[PDB]
Structure formats: C-alpha cells, structure tokens
Amino acid sequence: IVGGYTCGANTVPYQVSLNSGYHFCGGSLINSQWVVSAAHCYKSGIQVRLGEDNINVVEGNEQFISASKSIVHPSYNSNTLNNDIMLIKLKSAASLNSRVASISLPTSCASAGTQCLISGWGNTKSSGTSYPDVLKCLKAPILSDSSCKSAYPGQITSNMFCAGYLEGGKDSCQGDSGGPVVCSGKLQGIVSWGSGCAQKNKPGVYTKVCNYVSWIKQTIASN
Ligand SMILES: NC(=[NH2+])c1ccc2[nH]c(-c3ccccc3[O-])nc2c1
Ligand SMILES: [Ca+2]
Ligand SMILES: [Cl-]
C-alpha cells in the first residue's frame, strides 16, 4: 500500500496473508472455511495465515491453516485479468472471534464516490520495493466508469472498477494482490492490477465482486 497508514493489530479481522514460505498475496475470509483472493495469486502449496499483523513475528492470535483446494474462476483470462477471482477452501475451519472474523458479500454493487478500505502487506514505494512487516490501510473512493476507461482505454471489462486517486501518491501495489476493498461493511473488490503504483492518472483496478456473488454461493454450495 503506498500512501497508507498502519491499520493497528487485528483491526481488519477478515484479512488473510497467503504464504508459500513467504507472503505473496492477500485474501478475505468470507466464512470459517473459505477465503476469496485473485486468480492470479494461484499456486500450489498455499498456507493461509489468519489473525496476522506483523507477518515476520508470531505474537499471538495467528491461525495457520493449509488450503485443501483453490478454485480459479473457469473464465479467468491471464492476459486481460478478466474474472480475476479464486476461492480457497481451508483444510479445517478457522476459529472465528473478534480478531479473525468473516466479511459479508454485497447485495448490490457500489457507486462511484463510495469510500472503501483497502489493506495489505504489499510494497509501500511506487519506485523501488519496501515491504512492511505490519498491515497497512488506505481509504480510497470508487471512481466513475468514464475516468476508469479514460485511464486504461480498452482494458477495463464490466467485471472491473477503478478506485484510488488520479493525482497519484496513494494506491495498492504488488504484495497487495488478492486482498480486500471493503465499502460500507461489504467486500466489493479484490486488488487485481494497475500500471505501476501510485502514478498520476493510473488508478488501481479491482475485480467487481458484486458480479460473482451467485457464482461464489453456488460454488461453495457444491464443494
Ligand atoms: N497499482 C496497483 N493498484 C497495483 C495493484 C496490485 C498489483 N499487483 C501487482 C503485481 C505486480 C507483480 C506481480 C504480481 C502482482 O499482483 N502490481 C500491482 C499494482
Ligand atoms: Ca505475526
Ligand atoms: Cl475504451
């Protein structure tokens, strides 16, 4: 997260870190056995880490559970990143409490202007790599479709939305991929891509979760 602030330990209880010997992506806990992340974060050997704050120190509240299966959306296109969503089923259920809690799926899409919270352990520099030890937060608004399409002409599908600041300085960045964009208490986006980090006129692009709610519910119901 570039231009963000320290969230405070366990203030984002649905945030998870996907770990394969190191933190590589974020994700959101939606029920005690399922996590939603981005299809581009897929790999085998994933250990999901819940109740984390400092990812390099065990401090208490952490739950490390291995993933039993990862379901990448069947129509995920790795070249356009359209349908960039993946569901991970955990080997055992997480113990939920106030430090580890699930986030609700939306019942409607959000409108531009809606203010949202984006969080993650990704890079905090737009030029160079500086990964933090603790979770960073950023409040960003959803942008109108014309500003998003004018920023990335021909690269935005109806399953994507832009959120951020055109003046630059604040944005999600690598290491944040797969993580949550929560607005009014609902999971509305997943950190997907952007051109560089915090560059002027290049806002972040997020998977529009309101378009996959029936798919998420049907897929969890059948697995
Ligand atoms: N500017 C942004 N809002 C942004 C967000 C997520 C990103 N993820 C990445 C990324 C870069 C290299 C490898 C994997 C990634 O997900 N770049 C990213 C840029
Ligand atoms: Ca820790
Ligand atoms: Cl266009």
# chains A, B, ... in the order shown; residues from 1 in each chain; ligands from 1

call {"tool": "residues_around", "arguments": {"residues": "region 38-45 of chain A", "least_positions_apart": "4", "cutoff": "6 Å", "atoms": "only C-alpha atoms", "output": "ChimeraX atom specification"}}
result
/A:20,72,84-86,178

call {"tool": "write_last_selection", "arguments": {"atoms": "N, CA and C atoms", "output": "PDB file, in the first residue's frame"}}
result
ATOM      1  N   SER A  20       3.696 -19.111   1.049  1.00  0.00           N
ATOM      2  CA  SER A  20       4.285 -20.360   0.413  1.00  0.00           C
ATOM      3  C   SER A  20       5.773 -20.266   0.859  1.00  0.00           C
ATOM      4  N   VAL A  72     -10.045 -21.533  -9.254  1.00  0.00           N
ATOM      5  CA  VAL A  72      -9.844 -20.312 -10.041  1.00  0.00           C
ATOM      6  C   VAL A  72     -11.128 -20.179 -10.898  1.00  0.00           C
ATOM      7  N   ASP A  84     -10.820 -12.166 -12.529  1.00  0.00           N
ATOM      8  CA  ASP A  84      -9.657 -12.432 -11.646  1.00  0.00           C
ATOM      9  C   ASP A  84     -10.157 -12.750 -10.215  1.00  0.00           C
ATOM     10  N   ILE A  85     -10.711 -13.894  -9.979  1.00  0.00           N
ATOM     11  CA  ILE A  85     -11.195 -14.240  -8.643  1.00  0.00           C
ATOM     12  C   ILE A  85     -10.915 -15.754  -8.430  1.00  0.00           C
ATOM     13  N   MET A  86     -10.643 -16.142  -7.211  1.00  0.00           N
ATOM     14  CA  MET A  86     -10.355 -17.535  -6.843  1.00  0.00           C
ATOM     15  C   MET A  86     -10.890 -17.783  -5.452  1.00  0.00           C
ATOM     16  N   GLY A 178      -4.994  -9.782  -4.495  1.00  0.00           N
ATOM     17  CA  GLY A 178      -5.840 -10.792  -3.832  1.00  0.00           C
ATOM     18  C   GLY A 178      -6.548 -10.223  -2.651  1.00  0.00           C
TER      19      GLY A 178
END

call {"tool": "residues_near_ligand", "arguments": {"ligand": "ligand 1", "cutoff": "7 Å", "atoms": "only C-alpha atoms and all ligand atoms", "output": "PyMOL selection string"}}
result
chain A and resi 171-177+191-198+203-205

call {"tool": "write_last_selection", "arguments": {"atoms": "C-alpha atoms", "output": "mmCIF file, in the first residue's frame"}}
result
data_model
loop_
_atom_site.group_PDB
_atom_site.id
_atom_site.type_symbol
_atom_site.label_atom_id
_atom_site.label_comp_id
_atom_site.auth_asym_id
_atom_site.auth_seq_id
_atom_site.Cartn_x
_atom_site.Cartn_y
_atom_site.Cartn_z
ATOM 1 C CA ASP A 171 -2.657 3.178 -4.148
ATOM 2 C CA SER A 172 -2.457 -0.603 -3.599
ATOM 3 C CA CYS A 173 0.781 -2.172 -5.053
ATOM 4 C CA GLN A 174 2.461 -5.621 -5.536
ATOM 5 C CA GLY A 175 2.099 -7.870 -2.457
ATOM 6 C CA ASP A 176 -1.489 -6.413 -2.018
ATOM 7 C CA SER A 177 -2.952 -8.547 -4.918
ATOM 8 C CA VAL A 191 -6.825 -5.997 -5.546
ATOM 9 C CA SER A 192 -6.114 -7.070 -9.150
ATOM 10 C CA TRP A 193 -3.806 -4.759 -11.168
ATOM 11 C CA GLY A 194 -2.661 -1.232 -12.055
ATOM 12 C CA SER A 195 0.203 0.427 -14.090
ATOM 13 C CA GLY A 196 2.999 0.901 -11.567
ATOM 14 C CA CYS A 197 1.879 2.015 -8.139
ATOM 15 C CA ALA A 198 0.521 5.401 -7.119
ATOM 16 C CA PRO A 203 -5.632 4.348 -10.545
ATOM 17 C CA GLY A 204 -5.749 0.748 -9.194
ATOM 18 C CA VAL A 205 -8.083 -1.753 -10.884
#

call {"tool": "residues_around", "arguments": {"residues": "residue 210 (chain A)", "least_positions_apart": "5", "cutoff": "10 Å", "atoms": "only C-alpha atoms", "output": "ChimeraX atom specification"}}
result
/A:105-110,159,186-189

call {"tool": "write_last_selection", "arguments": {"atoms": "C-alpha atoms", "output": "JSON list (two decimals), in the first residue's frame"}}
result
[["chain", "number", "residue", "atom", "x", "y", "z"],
["A", 105, "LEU", "CA", -20.57, -10.34, 0.36],
["A", 106, "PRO", "CA", -22.51, -7.36, -1.21],
["A", 107, "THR", "CA", -26.18, -7.41, -2.22],
["A", 108, "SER", "CA", -25.68, -4.59, -4.69],
["A", 109, "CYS", "CA", -22.69, -3.07, -6.45],
["A", 110, "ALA", "CA", -21.29, 0.20, -5.00],
["A", 159, "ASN", "CA", -16.01, -7.12, -14.08],
["A", 186, "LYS", "CA", -19.26, -5.41, 2.35],
["A", 187, "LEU", "CA", -16.47, -6.97, 0.23],
["A", 188, "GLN", "CA", -16.84, -5.01, -3.08],
["A", 189, "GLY", "CA", -13.42, -5.54, -4.73]]

call {"tool": "residues_near_ligand", "arguments": {"ligand": "ligand 3", "cutoff": "7 Å", "atoms": "only C-alpha atoms and all ligand atoms", "output": "PyMOL selection string"}}
result
chain A and resi 149-150+153-155

call {"tool": "closest_residue", "arguments": {"among": "A:87, A:81, A:58, A:100", "to": "ligand 2", "atoms": "only C-alpha atoms and all ligand atoms"}}
result
A:58

call {"tool": "closest_atom_pairs", "arguments": {"of": "chain A", "to": "ligand 2", "cutoff": "8 Å", "atoms": "only C-alpha atoms and all ligand atoms", "output": "JSON lines"}}
result
{"residue": "A:51", "atom": "CA", "partner": "ligand 2", "partner_atom_place_in_ligand_line": "1 (Ca)", "distance": 7.8}
{"residue": "A:52", "atom": "CA", "partner": "ligand 2", "partner_atom_place_in_ligand_line": "1 (Ca)", "distance": 5.0}
{"residue": "A:53", "atom": "CA", "partner": "ligand 2", "partner_atom_place_in_ligand_line": "1 (Ca)", "distance": 5.5}
{"residue": "A:54", "atom": "CA", "partner": "ligand 2", "partner_atom_place_in_ligand_line": "1 (Ca)", "distance": 4.3}
{"residue": "A:55", "atom": "CA", "partner": "ligand 2", "partner_atom_place_in_ligand_line": "1 (Ca)", "distance": 4.3}
{"residue": "A:56", "atom": "CA", "partner": "ligand 2", "partner_atom_place_in_ligand_line": "1 (Ca)", "distance": 5.6}
{"residue": "A:57", "atom": "CA", "partner": "ligand 2", "partner_atom_place_in_ligand_line": "1 (Ca)", "distance": 4.2}
{"residue": "A:58", "atom": "CA", "partner": "ligand 2", "partner_atom_place_in_ligand_line": "1 (Ca)", "distance": 4.0}
{"residue": "A:59", "atom": "CA", "partner": "ligand 2", "partner_atom_place_in_ligand_line": "1 (Ca)", "distance": 5.3}
{"residue": "A:60", "atom": "CA", "partner": "ligand 2", "partner_atom_place_in_ligand_line": "1 (Ca)", "distance": 7.1}
{"residue": "A:62", "atom": "CA", "partner": "ligand 2", "partner_atom_place_in_ligand_line": "1 (Ca)", "distance": 6.5}

call {"tool": "select_by_dssp", "arguments": {"residues": "region 47-198 of chain A", "states": "strand (DSSP E or B)", "output": "PyMOL selection string"}}
result
chain A and resi 47-50+54+63-72+77+82+86-90+104+115-120+134+136-142+160-163+171+180-183+186-193

call {"tool": "atom_distance", "arguments": {"atom1": "CA of residue 16 (chain A)", "atom2": "CA of residue 148 (chain A)"}}
result
27.8 Å
